[PDB]
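Chemist: Below is one structure. I have some questions about it.
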Amino acid sequence: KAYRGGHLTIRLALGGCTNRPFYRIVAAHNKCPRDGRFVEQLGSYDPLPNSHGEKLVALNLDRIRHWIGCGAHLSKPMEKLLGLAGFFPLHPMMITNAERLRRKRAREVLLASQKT
Amino acid sequence: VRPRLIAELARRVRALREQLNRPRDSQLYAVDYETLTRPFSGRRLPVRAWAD
Amino acid sequence: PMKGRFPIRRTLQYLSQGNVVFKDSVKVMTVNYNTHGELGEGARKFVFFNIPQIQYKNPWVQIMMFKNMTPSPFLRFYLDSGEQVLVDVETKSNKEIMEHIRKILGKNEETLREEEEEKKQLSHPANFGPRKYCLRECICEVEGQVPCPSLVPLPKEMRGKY
Amino acid sequence: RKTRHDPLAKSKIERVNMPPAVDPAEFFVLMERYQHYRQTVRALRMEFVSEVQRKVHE
Amino acid sequence: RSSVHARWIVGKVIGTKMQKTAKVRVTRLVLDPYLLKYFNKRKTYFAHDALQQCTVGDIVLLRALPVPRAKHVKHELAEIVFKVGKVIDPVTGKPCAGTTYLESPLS
Amino acid sequence: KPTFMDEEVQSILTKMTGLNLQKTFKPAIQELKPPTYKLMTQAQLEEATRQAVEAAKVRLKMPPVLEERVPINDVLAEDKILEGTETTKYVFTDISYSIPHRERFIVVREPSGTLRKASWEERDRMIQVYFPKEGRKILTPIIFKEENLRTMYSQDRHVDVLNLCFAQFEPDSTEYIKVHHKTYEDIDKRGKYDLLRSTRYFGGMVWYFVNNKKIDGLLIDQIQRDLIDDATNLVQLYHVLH
Amino acid sequence: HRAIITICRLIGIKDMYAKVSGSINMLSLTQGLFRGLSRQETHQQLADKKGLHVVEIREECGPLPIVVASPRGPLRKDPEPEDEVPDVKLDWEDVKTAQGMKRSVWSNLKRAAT
Amino acid sequence: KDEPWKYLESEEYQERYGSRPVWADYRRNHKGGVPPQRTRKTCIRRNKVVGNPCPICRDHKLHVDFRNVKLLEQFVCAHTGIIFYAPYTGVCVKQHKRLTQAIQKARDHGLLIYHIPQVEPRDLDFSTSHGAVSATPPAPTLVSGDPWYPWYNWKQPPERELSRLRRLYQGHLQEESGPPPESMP
RNA sequence: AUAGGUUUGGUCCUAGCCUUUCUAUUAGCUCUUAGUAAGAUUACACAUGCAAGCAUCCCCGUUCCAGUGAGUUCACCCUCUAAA
Ligand SMILES: [Mg+2]
Ligand SMILES: [Mg+2]
Ligand SMILES: [Zn+2]
Ligand SMILES: [Zn+2]
């Protein structure tokens, strides 16, 4: 399918059942369907935890970096995962979320002190 | 062979029209000072472009 | 049973039992010999038994069959550059010419092992592909999460029911 | 999802694209953070491009 | 540049009543999925014999041009590798006939 | 000084465990198939026999005493903005088919300001999850229980015990070496060595007993055999080791 | 065939594949089966006639070859004429089973017990 | 009686069979040719034994457990490591699955006897020279405690930029505080 | 296809039809709880509801997503050659 400049964009893709969120990073186009055609498949994503947690994530840098240098872009969740893994620097949105969580915790502590 | 000639003719006509009789900025890029709207579309504008 | 003389000549297994693999150079494979002349037993046995194997090892290369065309049979080949590889098998055994072509034009074990390693690399066993190309499509079938909500209901933390 | 020529449910034309308020110090810190992060990302992309070029040359 | 697929080809000549051209086919051997036996398969092809040197029913090689200069043509006769009747033996460069030597070897 | 790969030591070890083309090449309750028969001369029979002997020789080779591993204590990066906020610890690794499992980079984003490379147990678990190798169950097998271990020891078939111990854990794990030493000690109780004659034994039993100076059972077995020159060679090897 | 199953159970054979080709005539089928069972080349007699031992490479066991029969006196020191591509008229069913090309609505389906 | 491990070697069980298989005594009545690919779903019918009783659902003293070694070894080809098919077993599919699970549990426990081959090491090498296992020198910022890129943390910019942004965001501002409090009970 | 019924006063040979197994549905009745995939069959016409605007005014999704199996060798491999 000839897309309007469909450039490679590593995006996510569902793969679970109802009440069972499951995802899988895939190197697909910017306009192709979520679970549609794709070039290469990367390490699947494990959102839900289990016994002592098993949030497993993998990446094949040997080909991921090649496809990135070949003119492919990255999505926001891709940058989030890269920051969580450590490949790319920590995403600033994550730092803003952490600061907001710290401020909310401070407000909760203030409320708890006011309870008395 | 049966080539698609009508499609090519329509494409050429539309391209020639949109390239020659293109509406000038005075018609589409105009701004209404009473509601901040652009003719040829009928949509509003961002809020940070009011006092400007 | 089969309505032929030598059914073993065409059994797939016998064809896959080969070994010679022409390199990416030879383009045409022409052979000709005299059948009435019993002196060319090697060439006859070759054209009879090994031609199916050669054709199955690579259908891209061209193969032409001819009969009475010269007193002394020969195996004329054509390379991608333009030269020719003339190897004689008259008064010889098919195994001799087979080993000769395997050592000269046949793909060495290094190239075959490299191709096998490349194919194995392509056969990514870690990604969760759709079975046909890989293994374990979803994590629900392997250890890591609840073993399929269908095989067993989900715990109390199921989404929606909250 | 709307193919231009559609009945277009007239339910979103009654809203104003209002930008929520913003702080000064936090906004400047975030702007500097974004600038430096984009610089680092562009540097990493240039490094990857150089590596790909070296591989193609080899 | 190099749009043609089949590069080197050596087929049999048939059609020759044309200007600077000649029809050629290759008696290939395709495998059957059910019979598991090879049969005499052939497909006609167009060549560019600019000199019409070859006749009907012979063996000649054709050089595939980088790009087809016409609709169906995509090859060019290079040289007669084996002239039927006047064929030359690879070993012992001398003419030969039906399983016989027109001129005795040893020269 | 120890010289585990010494020529004389390896020769004496191979002598202790004969080839045995019948016990090593014993059939197992698995898929059956119709055998094939042929008629050859005696030279071809001798060639087949020596080929089977070479195959049996290639059979035994492992394992060496690699001792207990060391927990990796290397941190990649860290963060001060978090420091205990998002627990659960997210795991991340890298895929490389052209790199062995002993050169991976399994990162684990922990909540605290750190970023270790995971332990060895979690490393092997993630490797099995990503690259399912033959055997090596994800969860620990129930056979390794005290009662189950005793029952297996009572079966008088320690070959399958060692096979399972080697197929489950890795040759460098701590529990692996522990179970191996436990099995060796159990075999030590009531002298007997004819059971471990068609499997791994030279590297785990004889070498371990020579290192621990527990050569009483081996000496008794050698005396029961017949050789005396082999006994003197073993005494010389023990003197060299100590 | 169920009749063949009973015949084998009475003889002693436990399990053995057999393609009941051709017509299904009880009397003629049983007579042909008896004739075939009476005309069989054993291992000991074949070895005594030819001389060479019985070489085999069982897949269940290891490469260790185990002779099944040996001659009763002489031993042909020369090997058999290992002439490749022999003239063994195999059946098309054998090829269809080896290549898995056989397909139908009753190929190899689950059968009853006992 | 109660988890049968002594009754297996009793006299009644030996007289009823002794050396014959228990799965062969059950015959399947069906249409012409071969019975269906599936047998009865459940031995009983949520109460009493309905239809042809299974080879095991006929006596209250015939339970199953991981300790039933002889029973599980006799009810399945202990000499062939290949499970049969539902028509061959000819038993209540519920009990078929139960027996399969019991055999799996016995194999995972060690009671059952069967060949257990081994495998090869996870890596041809047994060294630790790579940095991922030998050592990993830290960075100056790692030793200093502060993470890389100090601008990630709080850094109160000059008041000039704040006034400029306020001029940009005139009547749209919020209440900002100092650095992010690191307290969270 | 390991199998059965079937031409006759009977047997042998050839061979027709059907039964025996698995998938798609529902005419009939009947269906304790809970969980999981999917719920067009009409390329006939549609009431309506909803599905795509952020945004310093500009590109941009509208040329995708979601469906159809009417028509239907336009898919896989190589080369050339702009949009990223
Ligand atoms: Mg009748
Ligand atoms: Mg249609
Ligand atoms: Zn699921
Ligand atoms: Zn029951």
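Just remember, in the structure tokens the first chain shown is A, the second B, etc., residues are 1-based per chain, and ligands are 1-based in the order shown.
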Hey, which bits of chain C sit within 12 Å of chain I, and for each residue what's the closest pair of atoms and how far apart in Å (one decimal), counting only C-alpha atoms (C1' of nucleotides), rows by chain and increasing number, as JSON lines?
Modeler:
{"residue": "C:60", "atom": "CA", "partner": "I:77", "partner_atom": "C1'", "distance": 11.9}
{"residue": "C:140", "atom": "CA", "partner": "I:36", "partner_atom": "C1'", "distance": 11.8}
{"residue": "C:147", "atom": "CA", "partner": "I:36", "partner_atom": "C1'", "distance": 11.7}
{"residue": "C:148", "atom": "CA", "partner": "I:36", "partner_atom": "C1'", "distance": 8.1}
{"residue": "C:149", "atom": "CA", "partner": "I:36", "partner_atom": "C1'", "distance": 6.0}
{"residue": "C:150", "atom": "CA", "partner": "I:36", "partner_atom": "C1'", "distance": 4.1}
{"residue": "C:151", "atom": "CA", "partner": "I:35", "partner_atom": "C1'", "distance": 7.9}
{"residue": "C:152", "atom": "CA", "partner": "I:35", "partner_atom": "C1'", "distance": 6.7}
{"residue": "C:153", "atom": "CA", "partner": "I:35", "partner_atom": "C1'", "distance": 4.7}
{"residue": "C:154", "atom": "CA", "partner": "I:35", "partner_atom": "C1'", "distance": 7.4}
{"residue": "C:155", "atom": "CA", "partner": "I:35", "partner_atom": "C1'", "distance": 10.5}
{"residue": "C:158", "atom": "CA", "partner": "I:35", "partner_atom": "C1'", "distance": 11.1}
Chemist: Could you find all residues in segment 124-174 of chain H that DSSP calls alpha helix (DSSP H) from the backbone, and write them as a PyMOL selection string?
Modeler: chain H and resi 140-144+159-168
Chemist: Those residues with N, CA and C atoms, as a short mmCIF file (atom, residue, chain, number, x, y, z; two decimals), in the first residue's frame please?
Modeler:
data_model
loop_
_atom_site.label_atom_id
_atom_site.label_comp_id
_atom_site.auth_asym_id
_atom_site.auth_seq_id
_atom_site.Cartn_x
_atom_site.Cartn_y
_atom_site.Cartn_z
N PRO H 140 32.67 9.88 36.77
CA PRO H 140 32.89 10.87 37.84
C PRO H 140 31.60 11.30 38.52
N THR H 141 30.53 11.50 37.76
CA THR H 141 29.25 11.86 38.37
C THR H 141 28.71 10.74 39.24
N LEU H 142 28.94 9.48 38.84
CA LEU H 142 28.50 8.36 39.66
C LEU H 142 29.20 8.36 41.01
N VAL H 143 30.50 8.65 41.02
CA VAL H 143 31.23 8.73 42.28
C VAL H 143 30.78 9.94 43.09
N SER H 144 30.47 11.04 42.40
CA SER H 144 30.01 12.25 43.08
C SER H 144 28.59 12.11 43.63
N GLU H 159 15.66 35.42 37.52
CA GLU H 159 14.36 36.08 37.56
C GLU H 159 14.03 36.78 36.25
N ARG H 160 15.03 37.08 35.42
CA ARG H 160 14.76 37.75 34.15
C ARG H 160 13.94 36.86 33.22
N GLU H 161 14.34 35.59 33.09
CA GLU H 161 13.59 34.67 32.25
C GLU H 161 12.19 34.43 32.81
N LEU H 162 12.07 34.40 34.14
CA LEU H 162 10.76 34.23 34.76
C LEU H 162 9.85 35.42 34.44
N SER H 163 10.39 36.64 34.52
CA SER H 163 9.60 37.82 34.17
C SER H 163 9.23 37.81 32.70
N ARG H 164 10.15 37.37 31.84
CA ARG H 164 9.84 37.28 30.41
C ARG H 164 8.70 36.31 30.16
N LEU H 165 8.75 35.14 30.80
CA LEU H 165 7.69 34.15 30.62
C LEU H 165 6.37 34.66 31.19
N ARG H 166 6.41 35.37 32.32
CA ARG H 166 5.20 35.97 32.86
C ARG H 166 4.61 36.98 31.89
N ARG H 167 5.46 37.78 31.25
CA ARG H 167 5.00 38.67 30.19
C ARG H 167 4.37 37.87 29.06
N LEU H 168 4.92 36.69 28.77
CA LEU H 168 4.32 35.81 27.77
C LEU H 168 3.02 35.21 28.27
#
Chemist: Select residues of chain H: the criterion is any atom within 7 Å of an atom of chain A, counting only C-alpha atoms; output as a list in words.
Modeler: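 Going by the stated atoms only, the list reads residues 180, 181, 182, 183 and 184 of chain H.
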Chemist: Go ahead and compute the interatomic distance for atom CA of residue 15 of chain C and atom CA of residue 31 of chain E, in Å to one decimal.
Modeler: 12.0 Å
Chemist: Go through the chains and note each residue within 6 Å of ligand 4, using only C-alpha atoms (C1' of nucleotides) and all ligand atoms, then give the set as a PyMOL selection string.
Modeler: chain H and resi 42-44
Chemist: Deliver the residues from the most recent selection as a file, using N, CA, C and O atoms, as a PDB file, in the first residue's frame.
Modeler:
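The new file part-v3.pdb reads:
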ATOM      1  N   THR H  42     -17.167 -37.188  30.740  1.00  0.00           N
ATOM      2  CA  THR H  42     -16.975 -37.433  32.163  1.00  0.00           C
ATOM      3  C   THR H  42     -17.386 -38.855  32.517  1.00  0.00           C
ATOM      4  O   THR H  42     -18.377 -39.375  31.998  1.00  0.00           O
ATOM      5  N   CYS H  43     -16.611 -39.474  33.408  1.00  0.00           N
ATOM      6  CA  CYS H  43     -16.888 -40.814  33.909  1.00  0.00           C
ATOM      7  C   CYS H  43     -18.318 -40.896  34.423  1.00  0.00           C
ATOM      8  O   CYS H  43     -19.136 -41.658  33.895  1.00  0.00           O
ATOM      9  N   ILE H  44     -18.632 -40.098  35.442  1.00  0.00           N
ATOM     10  CA  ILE H  44     -19.961 -40.093  36.043  1.00  0.00           C
ATOM     11  C   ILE H  44     -20.773 -38.941  35.462  1.00  0.00           C
ATOM     12  O   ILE H  44     -20.364 -38.308  34.482  1.00  0.00           O
TER      13      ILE H  44
END
Chemist: Which residues come within 9 Å of segment 20-23 of chain F, counting only C-alpha atoms (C1' of nucleotides), excluding same-chain residues fewer than 6 positions away, as a list in words?
Modeler: residues 49, 52, 53, 56, 197 and 198 of chain F; 62 and 64 of chain G
Chemist: Show which residues sit within 12 Å of residue 70 of chain A, as a PDB file with N, CA, C and O atoms (P, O5', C5', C4', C3', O3' and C1' of nucleotides), in the first residue's frame. Count only C-alpha atoms (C1' of nucleotides), and ignore same-chain residues fewer than 3 positions away.
Modeler:
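Output below, filename around-v2.pdb:
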ATOM      1  N   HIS A   7       6.973   6.691   6.314  1.00  0.00           N
ATOM      2  CA  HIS A   7       8.325   6.442   6.787  1.00  0.00           C
ATOM      3  C   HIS A   7       8.304   5.475   7.964  1.00  0.00           C
ATOM      4  O   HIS A   7       7.325   5.395   8.712  1.00  0.00           O
ATOM      5  N   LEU A   8       9.400   4.736   8.120  1.00  0.00           N
ATOM      6  CA  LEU A   8       9.500   3.764   9.199  1.00  0.00           C
ATOM      7  C   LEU A   8       9.387   4.458  10.550  1.00  0.00           C
ATOM      8  O   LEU A   8      10.065   5.457  10.808  1.00  0.00           O
ATOM      9  N   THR A   9       8.525   3.924  11.413  1.00  0.00           N
ATOM     10  CA  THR A   9       8.301   4.486  12.743  1.00  0.00           C
ATOM     11  C   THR A   9       8.060   3.334  13.708  1.00  0.00           C
ATOM     12  O   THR A   9       7.005   2.693  13.660  1.00  0.00           O
ATOM     13  N   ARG A  63      20.147  -4.439  14.625  1.00  0.00           N
ATOM     14  CA  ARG A  63      19.274  -4.050  13.525  1.00  0.00           C
ATOM     15  C   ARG A  63      18.424  -2.829  13.841  1.00  0.00           C
ATOM     16  O   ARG A  63      18.055  -2.090  12.921  1.00  0.00           O
ATOM     17  N   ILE A  64      18.108  -2.594  15.117  1.00  0.00           N
ATOM     18  CA  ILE A  64      17.316  -1.423  15.484  1.00  0.00           C
ATOM     19  C   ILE A  64      18.071  -0.147  15.132  1.00  0.00           C
ATOM     20  O   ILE A  64      17.513   0.779  14.531  1.00  0.00           O
ATOM     21  N   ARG A  65      19.351  -0.077  15.505  1.00  0.00           N
ATOM     22  CA  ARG A  65      20.145   1.107  15.197  1.00  0.00           C
ATOM     23  C   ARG A  65      20.301   1.284  13.692  1.00  0.00           C
ATOM     24  O   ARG A  65      20.287   2.412  13.186  1.00  0.00           O
ATOM     25  N   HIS A  66      20.450   0.179  12.959  1.00  0.00           N
ATOM     26  CA  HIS A  66      20.558   0.260  11.507  1.00  0.00           C
ATOM     27  C   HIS A  66      19.290   0.851  10.901  1.00  0.00           C
ATOM     28  O   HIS A  66      19.350   1.781  10.088  1.00  0.00           O
ATOM     29  N   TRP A  67      18.127   0.324  11.292  1.00  0.00           N
ATOM     30  CA  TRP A  67      16.871   0.839  10.758  1.00  0.00           C
ATOM     31  C   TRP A  67      16.625   2.278  11.191  1.00  0.00           C
ATOM     32  O   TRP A  67      15.995   3.046  10.455  1.00  0.00           O
ATOM     33  N   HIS A  73      11.825   7.051  12.206  1.00  0.00           N
ATOM     34  CA  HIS A  73      11.530   7.912  13.338  1.00  0.00           C
ATOM     35  C   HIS A  73      11.102   7.068  14.537  1.00  0.00           C
ATOM     36  O   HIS A  73      10.955   5.846  14.454  1.00  0.00           O
TER      37      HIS A  73
ATOM     38  N   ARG D  45      21.865  10.316  17.040  1.00  0.00           N
ATOM     39  CA  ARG D  45      21.460   9.990  15.678  1.00  0.00           C
ATOM     40  C   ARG D  45      22.615  10.182  14.704  1.00  0.00           C
ATOM     41  O   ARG D  45      22.807   9.372  13.790  1.00  0.00           O
ATOM     42  N   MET D  46      23.397  11.249  14.884  1.00  0.00           N
ATOM     43  CA  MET D  46      24.563  11.462  14.033  1.00  0.00           C
ATOM     44  C   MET D  46      25.590  10.355  14.227  1.00  0.00           C
ATOM     45  O   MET D  46      26.209   9.893  13.263  1.00  0.00           O
ATOM     46  N   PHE D  48      24.927   7.246  15.138  1.00  0.00           N
ATOM     47  CA  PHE D  48      24.386   6.058  14.485  1.00  0.00           C
ATOM     48  C   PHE D  48      24.526   6.152  12.971  1.00  0.00           C
ATOM     49  O   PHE D  48      24.822   5.154  12.304  1.00  0.00           O
ATOM     50  N   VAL D  49      24.322   7.346  12.411  1.00  0.00           N
ATOM     51  CA  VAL D  49      24.475   7.527  10.971  1.00  0.00           C
ATOM     52  C   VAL D  49      25.928   7.314  10.563  1.00  0.00           C
ATOM     53  O   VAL D  49      26.211   6.703   9.526  1.00  0.00           O
ATOM     54  N   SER D  50      26.869   7.814  11.366  1.00  0.00           N
ATOM     55  CA  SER D  50      28.282   7.599  11.071  1.00  0.00           C
ATOM     56  C   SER D  50      28.636   6.119  11.142  1.00  0.00           C
ATOM     57  O   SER D  50      29.404   5.614  10.316  1.00  0.00           O
ATOM     58  N   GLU D  51      28.081   5.406  12.125  1.00  0.00           N
ATOM     59  CA  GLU D  51      28.327   3.970  12.224  1.00  0.00           C
ATOM     60  C   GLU D  51      27.759   3.232  11.017  1.00  0.00           C
ATOM     61  O   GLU D  51      28.397   2.319  10.478  1.00  0.00           O
ATOM     62  N   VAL D  52      26.559   3.616  10.576  1.00  0.00           N
ATOM     63  CA  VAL D  52      25.955   2.981   9.407  1.00  0.00           C
ATOM     64  C   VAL D  52      26.789   3.261   8.164  1.00  0.00           C
ATOM     65  O   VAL D  52      26.968   2.386   7.308  1.00  0.00           O
ATOM     66  N   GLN D  53      27.310   4.484   8.042  1.00  0.00           N
ATOM     67  CA  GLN D  53      28.161   4.815   6.904  1.00  0.00           C
ATOM     68  C   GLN D  53      29.451   4.005   6.931  1.00  0.00           C
ATOM     69  O   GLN D  53      29.908   3.521   5.889  1.00  0.00           O
ATOM     70  N   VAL D  56      28.569   0.515   5.791  1.00  0.00           N
ATOM     71  CA  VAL D  56      28.357   0.469   4.347  1.00  0.00           C
ATOM     72  C   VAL D  56      29.691   0.528   3.615  1.00  0.00           C
ATOM     73  O   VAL D  56      29.899  -0.168   2.614  1.00  0.00           O
TER      74      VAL D  56
ATOM     75  P     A I  84       9.900  14.383   2.816  1.00  0.00           P
ATOM     76  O5'   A I  84      10.804  13.515   3.801  1.00  0.00           O
ATOM     77  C5'   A I  84      10.432  13.355   5.163  1.00  0.00           C
ATOM     78  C4'   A I  84      11.097  12.156   5.793  1.00  0.00           C
ATOM     79  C3'   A I  84      12.594  12.267   6.034  1.00  0.00           C
ATOM     80  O3'   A I  84      12.924  12.996   7.203  1.00  0.00           O
ATOM     81  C1'   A I  84      12.118  10.189   5.025  1.00  0.00           C
TER      82        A I  84
END
Chemist: Between atom CA of residue 74 of chain E and atom CA of residue 7 of chain E, what is the distance, to one decimal in Å?
Modeler: 9.3 Å
Chemist: Report as an NGL selection string which protein, DNA and RNA residues come within 12 Å of ligand 1, using only C-alpha atoms (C1' of nucleotides) and all ligand atoms.
Modeler: :I and (5-8)
Chemist: Return the neighbours of chain I among the residues of chain H, cut-off 9 Å, counting only C-alpha atoms (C1' of nucleotides), as a compact mmCIF listing (two decimals) with N, CA, C and O atoms, in the first residue's frame.
Modeler:
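What follows is the written file selection-v6.txt:
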# COMPACT_ATOMS: atom_id res chain seq x y z
N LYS H 31 -20.97 -46.64 15.80
CA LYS H 31 -21.53 -46.91 14.48
C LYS H 31 -20.64 -47.88 13.72
O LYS H 31 -19.87 -48.63 14.34
N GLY H 32 -20.73 -47.89 12.40
CA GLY H 32 -19.94 -48.81 11.60
C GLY H 32 -18.53 -48.29 11.36
O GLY H 32 -18.31 -47.12 11.08
N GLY H 33 -17.56 -49.20 11.48
CA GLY H 33 -16.17 -48.87 11.21
C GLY H 33 -15.38 -48.55 12.46
O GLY H 33 -14.91 -49.46 13.16
N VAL H 34 -15.21 -47.26 12.75
CA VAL H 34 -14.40 -46.81 13.88
C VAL H 34 -15.25 -45.88 14.74
O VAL H 34 -16.04 -45.09 14.20
N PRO H 35 -15.14 -45.94 16.07
CA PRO H 35 -15.92 -45.02 16.91
C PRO H 35 -15.48 -43.59 16.71
O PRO H 35 -14.46 -43.33 16.05
N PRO H 36 -16.22 -42.62 17.25
CA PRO H 36 -15.83 -41.22 17.10
C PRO H 36 -14.45 -40.96 17.68
O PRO H 36 -13.89 -41.76 18.43
N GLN H 37 -13.89 -39.80 17.30
CA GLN H 37 -12.56 -39.43 17.77
C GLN H 37 -12.55 -39.10 19.26
O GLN H 37 -11.47 -39.06 19.86
Chemist: Could you name the residues that touch residue 85 of chain G at 12 Å or less, counting only C-alpha atoms (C1' of nucleotides), but leaving out those on the same chain fewer than 6 positions away, as a compact mmCIF listing (two decimals) with C-alpha atoms, in the first residue's frame?
Modeler:
# COMPACT_ATOMS: atom_id res chain seq x y z
CA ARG C 5 12.29 -48.92 -14.37
CA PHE C 6 14.43 -47.21 -11.72
CA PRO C 7 11.96 -45.67 -9.24
CA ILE C 8 14.85 -44.74 -6.92
CA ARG C 9 15.95 -42.18 -9.52
CA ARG C 10 12.98 -39.95 -8.54
CA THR C 11 12.10 -40.16 -4.84
CA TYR C 14 17.36 -39.69 -3.24
CA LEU C 15 17.48 -36.22 -4.80
CA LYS C 45 24.98 -42.97 -16.10
CA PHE C 46 25.54 -39.31 -15.21
CA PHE C 48 20.55 -40.61 -16.39
CA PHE C 49 20.90 -40.39 -12.60
CA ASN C 50 22.59 -37.14 -11.51
Chemist: Can you tell me, as a PyMOL selection string, what residues are no more than 9 Å from residue 14 of chain F when counting only C-alpha atoms (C1' of nucleotides), ignoring any on the same chain fewer than 4 positions away?
Modeler: chain F and resi 9-10+18-19+60+202
Chemist: Could those selected residues go to a file with N, CA and C atoms, as a PDB file, in the first residue's frame?
Modeler:
ATOM      1  N   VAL F   9      46.928 -37.641  33.823  1.00  0.00           N
ATOM      2  CA  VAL F   9      45.722 -37.635  34.648  1.00  0.00           C
ATOM      3  C   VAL F   9      44.506 -37.989  33.802  1.00  0.00           C
ATOM      4  N   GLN F  10      44.392 -37.377  32.622  1.00  0.00           N
ATOM      5  CA  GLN F  10      43.260 -37.664  31.747  1.00  0.00           C
ATOM      6  C   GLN F  10      43.283 -39.113  31.277  1.00  0.00           C
ATOM      7  N   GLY F  18      35.948 -47.270  31.509  1.00  0.00           N
ATOM      8  CA  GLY F  18      36.129 -47.889  30.210  1.00  0.00           C
ATOM      9  C   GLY F  18      35.152 -47.355  29.178  1.00  0.00           C
ATOM     10  N   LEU F  19      35.451 -47.673  27.918  1.00  0.00           N
ATOM     11  CA  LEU F  19      34.609 -47.223  26.815  1.00  0.00           C
ATOM     12  C   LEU F  19      33.211 -47.821  26.917  1.00  0.00           C
ATOM     13  N   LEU F  60      32.202 -38.736  26.167  1.00  0.00           N
ATOM     14  CA  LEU F  60      32.694 -38.151  27.406  1.00  0.00           C
ATOM     15  C   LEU F  60      33.660 -37.010  27.111  1.00  0.00           C
ATOM     16  N   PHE F 202      34.286 -38.777  35.534  1.00  0.00           N
ATOM     17  CA  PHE F 202      35.711 -38.509  35.698  1.00  0.00           C
ATOM     18  C   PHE F 202      35.969 -37.100  36.218  1.00  0.00           C
TER      19      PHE F 202
END
Chemist: Name each residue within 9 Å of ligand 2, counting only C-alpha atoms (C1' of nucleotides) and all ligand atoms, as a count of residues only.
Modeler: 6
